[PDB]
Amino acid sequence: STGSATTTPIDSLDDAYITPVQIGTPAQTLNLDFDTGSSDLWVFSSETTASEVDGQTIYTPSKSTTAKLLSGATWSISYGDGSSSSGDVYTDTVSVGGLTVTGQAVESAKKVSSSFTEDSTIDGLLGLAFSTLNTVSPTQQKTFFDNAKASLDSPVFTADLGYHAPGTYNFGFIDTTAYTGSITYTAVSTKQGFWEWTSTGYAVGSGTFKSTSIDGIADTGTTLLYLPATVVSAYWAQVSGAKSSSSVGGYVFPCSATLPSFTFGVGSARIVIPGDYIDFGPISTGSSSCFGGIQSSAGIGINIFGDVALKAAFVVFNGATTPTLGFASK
C-alpha cells in the first residue's frame, strides 16, 4: 500500500504545515501537524476543556462506530517550545492520503496549553519520530508510520515541504519526479528516539564550505533551523545590522536586508537554503526589525533541522531495519 497527502502552510510565514487526516467511521477529517520530532497522534476532541477550544475541528469518538476506549491509558506531552497537552486514548481507524491503519491509538486531549488554543488552524499532531518516545501509559503505543510499515510497498515516508506553497507527505514510495539529481543517504541514530543524523558542514552565502560534524534532528514540527552558536554567529555576521536580541529571543535583522543563503552538508552533497527562506518577517506588526530563521541551539541541548532546512530538500525517512535519512535537492 501507499498514501499521498498534500501539506499546506498555516500562514504566510510557513510557521507550520497541516495535512488532512481521516479518523473514525464515518470519517472525521482533522488537519494535523505532522511532526517528525514527536511520537503521539493527539487531537482536539469532544473531551477537550471547552474554554481551551477556539475554532479547531474536534474528534468526537462517540460518533465513530470503530472507536474503542483504550481502557486505563493516559498521555501527557511537553514540547521543546513549552507547549503541552494531555488526555485519554481511543483506538480507531486513521487514514492519510488513502493509506489506512486500523487500531491506531488516537490520543484525545482533555487539556491543551494556550499556544494550541490560540492556533485555530491546527487540530492536533501526528508524530512520526520513533515509537520509543510515545507518551501513552501504561502501555506505550505505536506511531501511524510504525503501524502502517509492514503494509507499505517500501518502509519509508517522504517530506516535501513547500516555501510559501503546499507540499506533500508520501508513505510507502519515493516519487522520483519530486526531486532533482540523486538522493544522498546518511546514518541515523535512534538512541534518543529522533531522526538524528550528522551534517558534514556548512557554508554562508558564496563563502567557502566549512567541514565540521553537526549532530541534529530532522524535525518537521519545528519552524526554524537551530544550530550551534558558532555557526549562527558566522551566518548573521554577513547581514549588516543583524544582532542577537535577548528582549526578542534571538537574532533579528533589518527588514531592508537581503539575506545570504545557507548551505548544509549531507555526506559529500550540499543542500542550499535560499536567503528568502530565512526571513520570518517583522517581530511585531509594522516593525522594521525582522526575525531570523536561523537561531542558536545553545540551551536547547540539540541542533534542530526544522522546516527552514527541510523545505529546501526532498527528505526520505527510511524506516528499514537500519533507519537512514535521505536528502535531495528539488
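Note that residue numbering follows the sequence shown and begins at 1.
J.: In the PDB record, does 70-78 or 223-231 carry the higher mean Cα temperature factor?
T.: Per the PDB entry, the higher value belongs to 70-78.
J.: Going by the average Cα B-factor in the PDB entry, point out whether 214-222 or 241-249 comes out higher.
T.: The recorded data point to 241-249.
J.: Among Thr49, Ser287, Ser297, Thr263, where is the Cα B factor highest in this entry?
T.: Across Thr49, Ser287, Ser297, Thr263, the entry lists the biggest C-alpha B-factor for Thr49.
J.: So if I compare the CA B-factors in the entry for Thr176, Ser199, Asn170, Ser95, which one is the largest?
T.: Among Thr176, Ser199, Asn170, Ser95, the highest C-alpha B-factor in the entry belongs to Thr176.
J.: Using the B-factors in the PDB entry, rank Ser83's C-alpha atom against the chain and give the third, lowest, middle or highest.
T.: Highest third.
J.: What third of its chain's C-alpha B-factors does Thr158 belong to: lowest, middle or highest?
T.: As the PDB entry reports it, the C-alpha B-factor of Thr158 lands in the lowest third of its chain.
J.: By its CA B factor, does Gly127 count among the lowest, middle or highest third of the modelled residues in the chain?
T.: For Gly127, the deposited C-alpha B-factor lands in the lowest third.
J.: For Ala27, return the chain-relative third of its C-alpha B-factor as stated in the PDB record: lowest, middle or highest.
T.: Its C-alpha B-factor, which the entry lists for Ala27, ranks in the middle third among residues of this chain.
J.: For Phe145, return the chain-relative third of its C-alpha B-factor as stated in the PDB record: lowest, middle or highest.
T.: It belongs to the middle third of the chain when residues are ordered by C-alpha B-factor.
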